[PDB]
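Chains as they are written, first to last, in PDB author numbering: chain H, 282 to 421; chain A, 282 to 421.
To keep things clear, I will list the structure first and then write my remarks on it.
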């Protein structure tokens, strides 16, 4: 994660979760952020070809038993093929650390949608005047 | 051995070794005949290449361990090469059954050179008259 996301997580956890110490909460927010950013992606799209590599490896061993070197060489070439394909899929990871994603993580934490996310405490300590004022009637 | 050599061996053992039964002596004469006809030939002329095949086989196993199939294939080809060479040498056996060779086997058995080998008993029973007559003087 780039530093901007990190400082944003700190600034949010400090102002929204005062009931916990800083060092642990800042870490836990990041941790759950990453877990969610896994986006519940599957692994079958590589797992199937892992099975394929296993089968090809077994046939390669069988051919080696019969000392048929051309077939074993072909099998090894196919093994390399599938291997670096899987390598290509593995690096198909999304790298998107956004302050916004941390924000929805917070919202799931506390159930509170935040308008004007990232606003200064200076902003918030004055805006809450209306926040309560506009959910009540008078009695200013 | 062709039948002629066999009957010749029988005819010689019957007339020159009466102090033994027929069936065993006829066999033993043939046996010693063959052993001598081995002519004390060596086996190094194939044994060396047997060692060579052993060394090439070890290198072939080593290359198979490293899964270098071209080298193992070359090694197997060389193994076949040396193998059928050794096959060619193995069939380089002399096939010469001669009544004469049986005769020298007899001579080694009893120390008696035989003039007129294969002569009939009819010949021999009359020729021995001179055989003794000419080694003695008169007294016919």
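Virtual Cβ for every residue (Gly too), placed ideally from N, Cα, C.
With the rule of 3 Cβ pairs closer than 8 Å, the segment 356 to 374 of chain A counts as touching the segment 337 to 344 of chain A. Pairing residue 299 of chain A with residue 324 of chain A, the inter-Cα distance amounts to about 38 Å. The alpha helix (DSSP H) runs of length 4 or more contained entirely in the segment 368 to 404 of chain H are, from start to end of the chain, 380 to 391. Assignment of residue 309 of chain H by DSSP, reduced to helix, strand and coil, places it in the helix class. In the three-state reduction of the DSSP assignment, residue 406 of chain A falls in the helix class.
Along the segment 349 to 374 of chain A, the positions whose C-beta sits under 8 Å from a C-beta of chain H are 350, 351, 353, 354, 357, read in chain order. The segment 375 to 387 of chain A and the segment 380 to 388 of chain H do not touch, with fewer than 3 CB-CB distances between them shorter than 8 Å.
Leaving aside the five residues that flank residue 400 of chain A on each side, the residues in its chain whose CB is nearer than 8 Å to its CB run, in chain order, 408. In the displayed model, residue 324 of chain A falls within coil according to three-state DSSP, outside both helix and strand. Apart from sequence neighbours up to five positions away, the residues of its chain that approach residue 398 of chain H with a beta-carbon distance below 7 Å are 384, ordered along the chain. Here residue 417 of chain A is exposed, its C-beta having fewer than 16 other C-beta atoms within 10 Å. In this model, residue 328 of chain H and residue 297 of chain H are separated by some 41 Å (Cα to Cα).
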